[PDB]
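Chemist: Next comes the structure file target29.pdb, holding PDB, C-alpha atoms (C1' of nucleotides).
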ATOM      1  CA  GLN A   1      19.419  10.676  -1.704
ATOM      2  CA  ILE A   2      19.932  12.178  -5.177
ATOM      3  CA  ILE A   3      17.998  14.412  -7.572
ATOM      4  CA  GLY A   4      17.927  13.678 -11.305
ATOM      5  CA  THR A   5      20.244  11.149 -12.927
ATOM      6  CA  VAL A   6      21.732   8.363 -10.841
ATOM      7  CA  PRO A   7      25.255   7.099 -11.661
ATOM      8  CA  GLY A   8      25.297   3.921 -13.746
ATOM      9  CA  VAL A   9      21.556   3.758 -14.334
ATOM     10  CA  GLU A  10      20.683   4.230 -17.978
ATOM     11  CA  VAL A  11      17.313   4.895 -19.554
ATOM     12  CA  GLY A  12      15.733   1.555 -20.425
ATOM     13  CA  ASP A  13      17.405  -0.366 -17.613
ATOM     14  CA  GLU A  14      15.099  -3.023 -16.188
ATOM     15  CA  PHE A  15      14.358  -4.575 -12.819
ATOM     16  CA  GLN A  16      12.356  -7.350 -11.248
ATOM     17  CA  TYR A  17      11.724  -5.839  -7.821
ATOM     18  CA  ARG A  18      10.920  -2.537  -6.157
ATOM     19  CA  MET A  19      13.878  -3.085  -3.820
ATOM     20  CA  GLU A  20      16.362  -3.326  -6.647
ATOM     21  CA  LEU A  21      15.395   0.314  -7.225
ATOM     22  CA  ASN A  22      16.168   1.013  -3.591
ATOM     23  CA  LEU A  23      19.578  -0.654  -3.715
ATOM     24  CA  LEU A  24      20.558   1.608  -6.605
ATOM     25  CA  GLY A  25      19.077   4.745  -5.083
ATOM     26  CA  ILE A  26      16.518   5.243  -7.834
ATOM     27  CA  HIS A  27      13.509   4.915  -5.560
ATOM     28  CA  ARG A  28      13.616   4.237  -1.828
ATOM     29  CA  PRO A  29      10.154   3.260  -0.672
ATOM     30  CA  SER A  30       9.261  -0.416  -1.063
ATOM     31  CA  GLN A  31       5.646   0.283  -2.001
ATOM     32  CA  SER A  32       4.853   3.984  -1.957
ATOM     33  CA  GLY A  33       4.741   5.262  -5.539
ATOM     34  CA  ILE A  34       6.156   8.665  -4.691
ATOM     35  CA  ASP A  35       9.641   9.337  -3.300
ATOM     36  CA  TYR A  36      10.850  12.698  -2.035
ATOM     37  CA  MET A  37      13.253  14.654   0.144
ATOM     38  CA  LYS A  38      13.707  18.023   1.840
ATOM     39  CA  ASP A  39      15.364  20.911   0.023
ATOM     40  CA  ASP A  40      17.981  23.285   1.365
ATOM     41  CA  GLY A  41      15.248  25.460   2.698
ATOM     42  CA  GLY A  42      12.564  23.392   4.401
ATOM     43  CA  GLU A  43      10.208  21.967   1.787
ATOM     44  CA  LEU A  44       9.497  18.581   0.191
ATOM     45  CA  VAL A  45      10.352  17.804  -3.410
ATOM     46  CA  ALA A  46       9.666  14.636  -5.388
ATOM     47  CA  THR A  47      12.639  12.705  -6.749
ATOM     48  CA  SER A  48      10.992   9.663  -8.304
ATOM     49  CA  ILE A  49       7.691   8.020  -9.024
ATOM     50  CA  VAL A  50       6.694   4.496  -9.911
ATOM     51  CA  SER A  51       3.766   3.924 -12.242
ATOM     52  CA  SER A  52       2.606   0.317 -12.113
ATOM     53  CA  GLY A  53      -1.133  -0.203 -11.967
ATOM     54  CA  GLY A  54      -3.601   0.428  -9.155
ATOM     55  CA  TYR A  55      -4.175   4.159  -9.291
ATOM     56  CA  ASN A  56      -5.739   5.119 -12.618
ATOM     57  CA  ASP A  57      -2.625   6.729 -14.117
ATOM     58  CA  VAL A  58      -2.805   7.810 -17.742
ATOM     59  CA  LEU A  59       0.327   6.776 -19.595
ATOM     60  CA  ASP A  60       0.691   5.561 -23.173
ATOM     61  CA  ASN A  61       3.337   6.175 -25.835
ATOM     62  CA  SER A  62       3.815   9.934 -25.473
ATOM     63  CA  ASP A  63       5.986  12.445 -23.609
ATOM     64  CA  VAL A  64       3.114  13.162 -21.234
ATOM     65  CA  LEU A  65       2.104  11.129 -18.207
ATOM     66  CA  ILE A  66      -0.850  11.803 -15.885
ATOM     67  CA  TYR A  67      -0.044  10.489 -12.419
ATOM     68  CA  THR A  68      -2.558  10.001  -9.638
ATOM     69  CA  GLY A  69      -1.779  11.186  -6.121
ATOM     70  CA  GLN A  70      -1.850   8.836  -3.135
ATOM     71  CA  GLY A  71      -4.514   8.383  -0.465
ATOM     72  CA  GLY A  72      -8.194   7.792   0.289
ATOM     73  CA  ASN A  73      -8.233   4.845  -2.156
ATOM     74  CA  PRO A  74     -14.209   3.812   3.232
ATOM     75  CA  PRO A  75     -13.171   6.511   0.678
ATOM     76  CA  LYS A  76     -11.962   9.995   1.685
ATOM     77  CA  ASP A  77     -10.340  13.141   0.249
ATOM     78  CA  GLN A  78      -6.665  12.888  -0.629
ATOM     79  CA  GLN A  79      -4.410  15.242   1.261
ATOM     80  CA  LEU A  80      -1.768  17.644   0.077
ATOM     81  CA  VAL A  81       0.852  15.926   2.227
ATOM     82  CA  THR A  82       3.993  13.835   1.922
ATOM     83  CA  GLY A  83       4.362  12.580  -1.655
ATOM     84  CA  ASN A  84       1.387  14.520  -2.995
ATOM     85  CA  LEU A  85       2.781  17.724  -1.552
ATOM     86  CA  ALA A  86       6.310  16.858  -2.687
ATOM     87  CA  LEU A  87       5.083  16.559  -6.292
ATOM     88  CA  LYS A  88       3.216  19.859  -6.172
ATOM     89  CA  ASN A  89       6.331  21.589  -4.844
ATOM     90  CA  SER A  90       8.273  20.098  -7.722
ATOM     91  CA  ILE A  91       6.198  22.173 -10.114
ATOM     92  CA  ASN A  92       7.711  25.484  -8.983
ATOM     93  CA  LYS A  93      11.112  24.087  -8.042
ATOM     94  CA  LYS A  94      11.167  22.719 -11.600
ATOM     95  CA  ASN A  95      13.369  19.803 -10.547
ATOM     96  CA  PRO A  96      13.790  16.567 -12.569
ATOM     97  CA  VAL A  97      11.819  13.544 -11.413
ATOM     98  CA  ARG A  98      12.829   9.955 -12.107
ATOM     99  CA  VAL A  99      10.058   7.803 -13.566
ATOM    100  CA  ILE A 100       9.776   4.041 -13.395
ATOM    101  CA  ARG A 101       7.059   2.160 -15.221
ATOM    102  CA  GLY A 102       5.753  -1.275 -14.383
ATOM    103  CA  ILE A 103       5.373  -3.661 -17.314
ATOM    104  CA  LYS A 104       3.529  -6.840 -18.386
ATOM    105  CA  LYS A 105      11.635  -7.949 -15.015
ATOM    106  CA  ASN A 106       8.658  -5.746 -14.122
ATOM    107  CA  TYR A 107      10.099  -2.226 -14.017
ATOM    108  CA  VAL A 108      11.813   0.096 -16.502
ATOM    109  CA  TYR A 109      13.677   3.284 -15.807
ATOM    110  CA  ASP A 110      12.054   5.787 -18.144
ATOM    111  CA  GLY A 111      14.334   8.796 -17.592
ATOM    112  CA  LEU A 112      13.560  12.253 -16.269
ATOM    113  CA  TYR A 113      10.315  14.227 -16.275
ATOM    114  CA  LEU A 114       9.156  17.576 -14.934
ATOM    115  CA  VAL A 115       5.922  18.210 -13.064
ATOM    116  CA  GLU A 116       4.072  20.720 -15.219
ATOM    117  CA  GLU A 117       0.908  21.076 -13.162
ATOM    118  CA  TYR A 118      -1.714  19.495 -10.959
ATOM    119  CA  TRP A 119      -5.434  19.652 -10.380
ATOM    120  CA  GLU A 120      -8.075  17.838  -8.428
ATOM    121  CA  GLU A 121     -10.842  15.508  -9.514
ATOM    122  CA  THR A 122     -13.919  13.990  -7.959
ATOM    123  CA  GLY A 123     -14.813  10.324  -8.276
ATOM    124  CA  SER A 124     -18.413   9.115  -7.877
ATOM    125  CA  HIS A 125     -17.851   8.315  -4.201
ATOM    126  CA  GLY A 126     -17.615  12.099  -3.966
ATOM    127  CA  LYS A 127     -14.033  12.161  -2.738
ATOM    128  CA  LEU A 128     -11.094  14.282  -3.927
ATOM    129  CA  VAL A 129      -8.229  12.920  -6.050
ATOM    130  CA  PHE A 130      -5.099  14.709  -7.235
ATOM    131  CA  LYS A 131      -3.713  14.408 -10.752
ATOM    132  CA  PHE A 132      -0.240  15.452 -11.777
ATOM    133  CA  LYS A 133       0.754  16.145 -15.344
ATOM    134  CA  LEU A 134       4.386  15.282 -15.974
ATOM    135  CA  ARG A 135       6.285  15.803 -19.230
ATOM    136  CA  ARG A 136       9.413  13.956 -20.304
ATOM    137  CA  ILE A 137      12.480  16.174 -20.633
ATOM    138  CA  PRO A 138      13.523  16.271 -24.327
ATOM    139  CA  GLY A 139      16.752  14.766 -25.600
ATOM    140  CA  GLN A 140      16.788  11.444 -23.783
ATOM    141  CA  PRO A 141      17.023   7.964 -25.296
ATOM    142  CA  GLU A 142      13.755   6.291 -26.330
ATOM    143  CA  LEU A 143      12.375   3.054 -24.881
ATOM    144  CA  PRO A 144      13.275  -0.297 -26.560
ATOM    145  CA  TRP A 145      10.641  -2.555 -28.196
TER     146      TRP A 145
ATOM    147  CA  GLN B   1      13.182 -24.050  -5.678
ATOM    148  CA  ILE B   2      15.740 -25.976  -3.607
ATOM    149  CA  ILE B   3      15.788 -27.990  -0.382
ATOM    150  CA  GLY B   4      18.675 -27.694   2.079
ATOM    151  CA  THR B   5      21.897 -25.885   1.214
ATOM    152  CA  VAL B   6      21.919 -23.261  -1.522
ATOM    153  CA  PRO B   7      25.057 -22.885  -3.704
ATOM    154  CA  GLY B   8      27.323 -20.032  -2.635
ATOM    155  CA  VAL B   9      25.401 -19.117   0.501
ATOM    156  CA  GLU B  10      27.442 -19.743   3.619
ATOM    157  CA  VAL B  11      26.311 -19.859   7.230
ATOM    158  CA  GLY B  12      26.724 -16.368   8.679
ATOM    159  CA  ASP B  13      26.104 -14.552   5.397
ATOM    160  CA  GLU B  14      24.141 -11.364   5.931
ATOM    161  CA  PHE B  15      21.529  -9.340   4.071
ATOM    162  CA  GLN B  16      19.692  -6.046   4.271
ATOM    163  CA  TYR B  17      16.435  -7.023   2.569
ATOM    164  CA  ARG B  18      13.942  -9.856   2.357
ATOM    165  CA  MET B  19      14.247  -9.715  -1.421
ATOM    166  CA  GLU B  20      17.977 -10.324  -1.416
ATOM    167  CA  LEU B  21      16.990 -13.712   0.024
ATOM    168  CA  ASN B  22      14.639 -14.175  -2.901
ATOM    169  CA  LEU B  23      17.280 -13.294  -5.488
ATOM    170  CA  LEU B  24      19.532 -16.000  -4.088
ATOM    171  CA  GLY B  25      16.740 -18.546  -3.724
ATOM    172  CA  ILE B  26      17.061 -18.808   0.046
ATOM    173  CA  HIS B  27      13.532 -17.595   0.747
ATOM    174  CA  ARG B  28      10.997 -16.571  -1.887
ATOM    175  CA  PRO B  29       8.149 -14.752  -0.167
ATOM    176  CA  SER B  30       8.674 -11.048   0.410
ATOM    177  CA  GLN B  31       6.927 -11.040   3.786
ATOM    178  CA  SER B  32       5.573 -14.472   4.676
ATOM    179  CA  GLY B  33       7.876 -16.059   7.246
ATOM    180  CA  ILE B  34       7.384 -19.576   5.943
ATOM    181  CA  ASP B  35       8.434 -20.830   2.509
ATOM    182  CA  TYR B  36       7.524 -24.226   1.061
ATOM    183  CA  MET B  37       7.010 -26.398  -1.988
ATOM    184  CA  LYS B  38       5.297 -29.591  -3.140
ATOM    185  CA  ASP B  39       7.109 -32.901  -2.704
ATOM    186  CA  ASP B  40       7.298 -35.695  -5.243
ATOM    187  CA  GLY B  41       4.570 -36.306  -5.129
ATOM    188  CA  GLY B  42       3.318 -34.737  -3.248
ATOM    189  CA  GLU B  43       2.115 -32.563  -0.391
ATOM    190  CA  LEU B  44       3.530 -29.391   1.158
ATOM    191  CA  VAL B  45       6.956 -29.253   2.766
ATOM    192  CA  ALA B  46       8.712 -26.227   4.273
ATOM    193  CA  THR B  47      12.023 -25.155   2.750
ATOM    194  CA  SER B  48      12.843 -22.060   4.767
ATOM    195  CA  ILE B  49      11.693 -19.835   7.585
ATOM    196  CA  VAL B  50      12.546 -16.319   8.641
ATOM    197  CA  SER B  51      12.624 -15.434  12.308
ATOM    198  CA  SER B  52      12.607 -11.685  12.819
ATOM    199  CA  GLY B  53      10.290 -10.429  15.515
ATOM    200  CA  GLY B  54       6.532  -9.924  15.688
ATOM    201  CA  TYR B  55       5.246 -13.463  15.901
ATOM    202  CA  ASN B  56       6.277 -14.055  19.514
ATOM    203  CA  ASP B  57       8.814 -16.833  18.918
ATOM    204  CA  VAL B  58      11.647 -18.253  21.066
ATOM    205  CA  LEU B  59      15.175 -17.705  19.781
ATOM    206  CA  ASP B  60      17.641 -18.054  22.675
ATOM    207  CA  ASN B  61      21.322 -19.061  22.460
ATOM    208  CA  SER B  62      20.802 -22.717  21.717
ATOM    209  CA  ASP B  63      20.448 -25.251  18.955
ATOM    210  CA  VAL B  64      16.700 -25.061  19.591
ATOM    211  CA  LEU B  65      14.286 -22.531  18.146
ATOM    212  CA  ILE B  66      10.548 -22.301  18.842
ATOM    213  CA  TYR B  67       8.806 -20.840  15.812
ATOM    214  CA  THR B  68       5.250 -19.489  15.793
ATOM    215  CA  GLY B  69       2.896 -20.447  12.955
ATOM    216  CA  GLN B  70       1.114 -17.834  10.833
ATOM    217  CA  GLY B  71      -2.438 -16.528  10.985
ATOM    218  CA  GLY B  72      -5.189 -15.088  13.181
ATOM    219  CA  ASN B  73      -2.749 -12.482  14.566
ATOM    220  CA  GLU B  74      -8.016  -6.992  13.512
ATOM    221  CA  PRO B  75     -10.277  -9.592  15.294
ATOM    222  CA  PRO B  76      -8.343 -12.717  16.478
ATOM    223  CA  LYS B  77      -9.104 -16.247  15.232
ATOM    224  CA  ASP B  78      -7.698 -19.797  15.283
ATOM    225  CA  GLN B  79      -4.677 -20.441  13.116
ATOM    226  CA  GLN B  80      -5.172 -23.022  10.407
ATOM    227  CA  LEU B  81      -3.165 -26.057   9.445
ATOM    228  CA  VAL B  82      -2.697 -24.719   5.916
ATOM    229  CA  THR B  83      -0.004 -23.406   3.601
ATOM    230  CA  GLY B  84       3.137 -22.650   5.601
ATOM    231  CA  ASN B  85       1.816 -24.041   8.889
ATOM    232  CA  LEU B  86       0.906 -27.292   7.165
ATOM    233  CA  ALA B  87       4.187 -27.323   5.245
ATOM    234  CA  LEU B  88       6.141 -27.168   8.505
ATOM    235  CA  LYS B  89       4.141 -29.968  10.106
ATOM    236  CA  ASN B  90       4.723 -32.190   7.076
ATOM    237  CA  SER B  91       8.446 -31.457   7.385
ATOM    238  CA  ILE B  92       8.434 -33.268  10.715
ATOM    239  CA  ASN B  93       7.814 -36.686   9.155
ATOM    240  CA  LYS B  94       9.590 -35.965   5.883
ATOM    241  CA  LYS B  95      12.562 -35.026   8.096
ATOM    242  CA  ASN B  96      13.829 -32.581   5.478
ATOM    243  CA  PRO B  97      16.314 -29.755   6.235
ATOM    244  CA  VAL B  98      14.892 -26.257   6.658
ATOM    245  CA  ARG B  99      16.854 -23.064   6.045
ATOM    246  CA  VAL B 100      16.634 -20.539   8.856
ATOM    247  CA  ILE B 101      17.189 -16.812   8.622
ATOM    248  CA  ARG B 102      17.240 -14.582  11.674
ATOM    249  CA  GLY B 103      16.548 -10.869  11.744
ATOM    250  CA  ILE B 104      18.994  -8.799  13.784
ATOM    251  CA  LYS B 105      19.364  -5.425  15.556
ATOM    252  CA  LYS B 106      22.257  -5.736   7.213
ATOM    253  CA  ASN B 107      19.183  -7.139   9.031
ATOM    254  CA  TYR B 108      19.248 -10.862   8.213
ATOM    255  CA  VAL B 109      21.651 -13.749   8.797
ATOM    256  CA  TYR B 110      21.605 -17.185   7.254
ATOM    257  CA  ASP B 111      21.756 -19.500  10.238
ATOM    258  CA  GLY B 112      22.132 -22.856   8.487
ATOM    259  CA  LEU B 113      19.867 -25.885   8.453
ATOM    260  CA  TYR B 114      17.392 -27.124  11.051
ATOM    261  CA  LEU B 115      14.898 -29.980  11.303
ATOM    262  CA  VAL B 116      11.329 -29.672  12.535
ATOM    263  CA  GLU B 117      11.170 -31.941  15.578
ATOM    264  CA  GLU B 118       7.563 -31.393  16.595
ATOM    265  CA  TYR B 119       4.621 -29.061  16.926
ATOM    266  CA  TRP B 120       1.806 -28.329  19.300
ATOM    267  CA  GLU B 121      -0.908 -25.784  19.813
ATOM    268  CA  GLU B 122      -1.348 -23.050  22.355
ATOM    269  CA  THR B 123      -4.107 -20.748  23.463
ATOM    270  CA  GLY B 124      -3.626 -17.025  24.003
ATOM    271  CA  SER B 125      -5.938 -15.029  26.290
ATOM    272  CA  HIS B 126      -8.123 -13.977  23.361
ATOM    273  CA  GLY B 127      -9.021 -17.661  23.373
ATOM    274  CA  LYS B 128      -7.722 -18.504  19.927
ATOM    275  CA  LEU B 129      -5.358 -21.192  18.716
ATOM    276  CA  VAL B 130      -1.672 -20.713  17.881
ATOM    277  CA  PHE B 131       0.780 -23.271  16.521
ATOM    278  CA  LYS B 132       4.352 -23.652  17.791
ATOM    279  CA  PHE B 133       7.100 -25.520  15.982
ATOM    280  CA  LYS B 134      10.188 -26.818  17.683
ATOM    281  CA  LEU B 135      13.179 -26.810  15.347
ATOM    282  CA  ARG B 136      16.642 -28.103  16.134
ATOM    283  CA  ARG B 137      19.851 -27.109  14.375
ATOM    284  CA  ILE B 138      21.539 -29.950  12.515
ATOM    285  CA  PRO B 139      24.915 -30.644  14.237
ATOM    286  CA  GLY B 140      28.250 -30.039  12.540
ATOM    287  CA  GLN B 141      27.665 -26.624  10.992
ATOM    288  CA  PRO B 142      29.710 -23.456  11.519
ATOM    289  CA  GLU B 143      28.763 -21.223  14.461
ATOM    290  CA  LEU B 144      27.565 -17.627  14.190
ATOM    291  CA  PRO B 145      30.115 -14.755  14.358
ATOM    292  CA  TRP B 146      30.158 -12.165  17.185
TER     293      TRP B 146
ATOM    294  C1'  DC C   1      -7.946 -11.405  -9.489
ATOM    295  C1'  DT C   2      -7.515 -11.137  -3.949
ATOM    296  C1'  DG C   3      -5.467 -10.334   0.336
ATOM    297  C1'  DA C   4      -2.226 -12.806   3.805
ATOM    298  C1'  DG C   5       1.753 -11.856   4.987
ATOM    299  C1'  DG C   6       8.012 -12.308  10.725
ATOM    300  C1'  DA C   7       8.218  -5.664   5.107
ATOM    301  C1'  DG C   8      10.467  -1.180   4.942
ATOM    302  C1'  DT C   9      11.064   3.558   6.409
ATOM    303  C1'  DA C  10       9.886   7.930   8.225
ATOM    304  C1'  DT C  11       7.690  10.278  11.528
TER     305       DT C  11
ATOM    306  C1'  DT D   1       3.313   3.235  15.397
ATOM    307  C1'  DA D   2       1.566   5.598  10.962
ATOM    308  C1'  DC D   3       1.777   4.516   6.063
ATOM    309  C1'  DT D   4       2.257   2.112   1.362
ATOM    310  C1'  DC D   5       1.529   2.163  -7.450
ATOM    311  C1'  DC D   6       4.455  -5.340  -3.254
ATOM    312  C1'  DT D   7       4.453 -10.014  -4.373
ATOM    313  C1'  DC D   8       2.644 -14.470  -5.576
ATOM    314  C1'  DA D   9       0.089 -18.577  -4.565
ATOM    315  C1'  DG D  10      -4.588 -19.710  -4.124
TER     316       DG D  10
END
Take the structure I supplied and represent it as structure tokens, if you would.

Modeler:
Amino acid sequence: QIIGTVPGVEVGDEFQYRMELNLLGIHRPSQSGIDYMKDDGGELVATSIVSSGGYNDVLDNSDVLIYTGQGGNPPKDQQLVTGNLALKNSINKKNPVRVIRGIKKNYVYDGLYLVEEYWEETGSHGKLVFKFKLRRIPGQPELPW
Amino acid sequence: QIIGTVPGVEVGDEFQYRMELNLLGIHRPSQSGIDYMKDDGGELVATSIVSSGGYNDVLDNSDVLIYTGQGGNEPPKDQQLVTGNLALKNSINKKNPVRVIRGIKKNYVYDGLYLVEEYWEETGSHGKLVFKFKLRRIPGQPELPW
DNA sequence: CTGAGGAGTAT
DNA sequence: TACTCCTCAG
């Protein structure tokens, strides 16, 4: 269970299945978008996220990615737990997070990002949603095509 | 999408994930226990099943395996002769080979080829219908290790 | 699109 | 047993 770069996985490498990512140690969960671990200490820190579709993530062609937290979608408030919490803790720990994007081979490794901040939003249903702003660490290869 | 043996996959070969089976063309669905195709030409025929646990099915030490159909088990309801279930039934008369993968306490073994000998329906206490398929291992194949 | 479906893993 | 940015055939 590694943090940051994973041996033999280059930026721009592609995959067909979420489990391929598991087999290479890029991202362990088969569905959950957020993957994390426990630090020397006690706390959770994120190690990787997958942005397909589903949650209304804001990504385009920039170094910034807005990622939605998990939970609640009968709708209910999201909770600062598990993945969500892991990500928040990654803000202060300032650790690298692997990012995989889904695509219209359905997944690309997009390199390393840092969690700059988070905040909460309110849909019309009235329920709470977390948003995490991640920025791509400078200096890495760009994406093909 | 092949019927019967798949190139380079030997009886007793093991796997950790349902998707490994997909990558090799042994079994395509990621969760659904039954995999099938359309015959020429052409109704549904089963091509592979996965027996883990969950659907209470009978996997003793023999050449015979009783496999439960999918559906109804959330509120219980009759299973339907559709998709996989139907595919299996049609494999009875077509008499085509079916690949069988067993889960294990690497979590999956390729167990070779079987034929669907018959089916029938059962009734749980809930009152709803469940299908059962009797499959028999085609003679002459390697045995399982351990 | 839509969700049925012998998943996968931590908790 | 909870949970979950799955996967693909209808």

Chemist: Got a sec to resolve the PyMOL selection byres ((chain D and resi 9) around 10) on this structure and send the residues as a list in words?

Modeler: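 Applied to this file, the PyMOL selection byres ((chain D and resi 9) around 10) returns residues 29 and 83 of chain B; 7, 8 and 10 of chain D.
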
Chemist: Within 6 Å of chain D, which residues of chain A show up when using all atoms listed in the file, listed as a compact mmCIF listing (two decimals) with C-alpha atoms, in the frame of the given file?

Modeler:
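Here's the written file part_18.txt:
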# COMPACT_ATOMS: atom_id res chain seq x y z
CA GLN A 31 5.65 0.28 -2.00
CA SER A 32 4.85 3.98 -1.96
CA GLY A 33 4.74 5.26 -5.54
CA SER A 51 3.77 3.92 -12.24
CA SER A 52 2.61 0.32 -12.11
CA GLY A 53 -1.13 -0.20 -11.97
CA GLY A 54 -3.60 0.43 -9.15

Chemist: Report the residues retrieved by the PyMOL selection byres ((chain B) within 12 of (chain C)) from the displayed file, expressed as JSON, numbers by chain.

Modeler: {"B": [16, 17, 18, 19, 29, 30, 31, 32, 33, 34, 35, 49, 50, 51, 52, 53, 54, 55, 56, 57, 67, 68, 69, 70, 71, 72, 73, 83, 84, 101, 102, 103, 104, 107, 108]}

Chemist: Specify as a CSV table (one decimal) with C-alpha atoms, in the frame of the given file each residue included when the PyMOL selection byres ((chain B and resi 98) around 7) is applied to this file.

Modeler:
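Listed below is the output, expr35.csv:
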chain,number,residue,atom,x,y,z
B,4,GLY,CA,18.7,-27.7,2.1
B,46,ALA,CA,8.7,-26.2,4.3
B,47,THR,CA,12.0,-25.2,2.8
B,48,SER,CA,12.8,-22.1,4.8
B,96,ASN,CA,13.8,-32.6,5.5
B,97,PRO,CA,16.3,-29.8,6.2
B,99,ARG,CA,16.9,-23.1,6.0
B,100,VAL,CA,16.6,-20.5,8.9
B,113,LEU,CA,19.9,-25.9,8.5
B,114,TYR,CA,17.4,-27.1,11.1
B,115,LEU,CA,14.9,-30.0,11.3

Chemist: Name the closest residue to chain B among the candidates A:91, A:20, A:2, A:14; distances are taken between atoms, counting all atoms listed in the file.

Modeler: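 Result for the nearest residue to chain B: A:20.
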
Chemist: Could you check the closest approach to residue A:48 for each of A:78, A:140, A:22, A:16 and tell me which residue wins, using only C-alpha atoms?

Modeler: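 The shortest atom-to-atom distance to residue A:48 comes from A:22.
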
Chemist: Could you give me, as a PyMOL selection string, the residues that sit within 12 Å of (22.5, 13.5, -11.3) in the file's coordinates, counting all atoms listed in the file?

Modeler: chain A and resi 1-10+25-26+47+95-98+111-112

Chemist: Have a look at A:46, A:13, A:143, A:21 and name the one nearest to chain B; count all atoms listed in the file.

Modeler: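 That would be A:21, the residue with the smallest distance to chain B.
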
Chemist: Centre and edge lengths, as JSON, for the axis-aligned box enclosing every listed atom of chain D with 3 Å of padding on each of the six sides, in Å to one decimal?

Modeler:
{"center_x": -0.1, "center_y": -7.1, "center_z": 4.0, "size_x": 15.0, "size_y": 31.3, "size_z": 28.8}

Chemist: Compute the set of chain A residues within 12 Å of chain C, using all atoms listed in the file, and express it as a PyMOL selection string.

Modeler: chain A and resi 18-19+22+28-32+35-37+82

Chemist: Kindly give the distance, in Å, that separates atom CA of residue A:133 and atom CA of residue A:39, rounded to a single decimal.

Modeler: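 Those two atoms sit 21.7 Å apart.
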
Chemist: At what distance in Å, to one decimal, does atom CA of residue A:38 lie from atom CA of residue A:109?

Modeler: 23.0 Å

Chemist: Just how far from atom CA of residue A:131 is atom CA of residue A:118, in Å to one decimal?

Modeler: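 So the two atoms, atom CA of residue A:118 and atom CA of residue A:131, lie 5.5 Å apart.
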
Chemist: Go through B:122, B:2, B:38, B:111 and flag the residue nearest residue B:65, using all atoms listed in the file for the distances.

Modeler: B:111

Chemist: Stretch 61-72 of chain B from the block above, N, CA, C and O atoms, as a PDB file, in the first residue's frame, please?

Modeler:
ATOM      1  N   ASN B  61     -18.385 -33.563  -3.714  1.00  0.00           N
ATOM      2  CA  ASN B  61     -17.111 -34.077  -4.217  1.00  0.00           C
ATOM      3  C   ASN B  61     -17.275 -34.919  -5.467  1.00  0.00           C
ATOM      4  O   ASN B  61     -16.442 -35.779  -5.765  1.00  0.00           O
ATOM      5  N   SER B  62     -18.347 -34.668  -6.204  1.00  0.00           N
ATOM      6  CA  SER B  62     -18.685 -35.537  -7.312  1.00  0.00           C
ATOM      7  C   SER B  62     -18.527 -34.893  -8.675  1.00  0.00           C
ATOM      8  O   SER B  62     -17.990 -33.788  -8.820  1.00  0.00           O
ATOM      9  N   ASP B  63     -19.001 -35.623  -9.676  1.00  0.00           N
ATOM     10  CA  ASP B  63     -19.053 -35.126 -11.036  1.00  0.00           C
ATOM     11  C   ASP B  63     -20.353 -34.352 -11.249  1.00  0.00           C
ATOM     12  O   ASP B  63     -20.599 -33.811 -12.335  1.00  0.00           O
ATOM     13  N   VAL B  64     -21.182 -34.300 -10.206  1.00  0.00           N
ATOM     14  CA  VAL B  64     -22.452 -33.587 -10.286  1.00  0.00           C
ATOM     15  C   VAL B  64     -22.490 -32.320  -9.446  1.00  0.00           C
ATOM     16  O   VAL B  64     -22.034 -32.293  -8.310  1.00  0.00           O
ATOM     17  N   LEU B  65     -23.051 -31.273 -10.033  1.00  0.00           N
ATOM     18  CA  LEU B  65     -23.155 -29.977  -9.397  1.00  0.00           C
ATOM     19  C   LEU B  65     -24.582 -29.476  -9.576  1.00  0.00           C
ATOM     20  O   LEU B  65     -25.097 -29.475 -10.692  1.00  0.00           O
ATOM     21  N   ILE B  66     -25.239 -29.096  -8.482  1.00  0.00           N
ATOM     22  CA  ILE B  66     -26.550 -28.458  -8.577  1.00  0.00           C
ATOM     23  C   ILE B  66     -26.370 -26.954  -8.477  1.00  0.00           C
ATOM     24  O   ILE B  66     -25.891 -26.453  -7.469  1.00  0.00           O
ATOM     25  N   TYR B  67     -26.772 -26.240  -9.518  1.00  0.00           N
ATOM     26  CA  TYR B  67     -26.557 -24.808  -9.591  1.00  0.00           C
ATOM     27  C   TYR B  67     -27.887 -24.069  -9.489  1.00  0.00           C
ATOM     28  O   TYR B  67     -28.847 -24.417 -10.167  1.00  0.00           O
ATOM     29  N   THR B  68     -27.941 -23.051  -8.638  1.00  0.00           N
ATOM     30  CA  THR B  68     -29.149 -22.252  -8.486  1.00  0.00           C
ATOM     31  C   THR B  68     -29.238 -21.162  -9.560  1.00  0.00           C
ATOM     32  O   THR B  68     -28.244 -20.523  -9.882  1.00  0.00           O
ATOM     33  N   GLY B  69     -30.428 -20.954 -10.113  1.00  0.00           N
ATOM     34  CA  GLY B  69     -30.649 -19.873 -11.055  1.00  0.00           C
ATOM     35  C   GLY B  69     -30.632 -18.511 -10.385  1.00  0.00           C
ATOM     36  O   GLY B  69     -30.639 -18.422  -9.162  1.00  0.00           O
ATOM     37  N   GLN B  70     -30.610 -17.443 -11.181  1.00  0.00           N
ATOM     38  CA  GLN B  70     -30.554 -16.091 -10.611  1.00  0.00           C
ATOM     39  C   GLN B  70     -31.914 -15.410 -10.494  1.00  0.00           C
ATOM     40  O   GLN B  70     -32.851 -15.729 -11.234  1.00  0.00           O
ATOM     41  N   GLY B  71     -32.023 -14.489  -9.545  1.00  0.00           N
ATOM     42  CA  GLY B  71     -33.214 -13.673  -9.418  1.00  0.00           C
ATOM     43  C   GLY B  71     -33.903 -13.737  -8.074  1.00  0.00           C
ATOM     44  O   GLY B  71     -33.504 -14.511  -7.207  1.00  0.00           O
ATOM     45  N   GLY B  72     -34.928 -12.902  -7.910  1.00  0.00           N
ATOM     46  CA  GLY B  72     -35.778 -12.865  -6.729  1.00  0.00           C
ATOM     47  C   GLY B  72     -35.163 -12.907  -5.337  1.00  0.00           C
ATOM     48  O   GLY B  72     -35.893 -12.805  -4.350  1.00  0.00           O
TER      49      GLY B  72
END
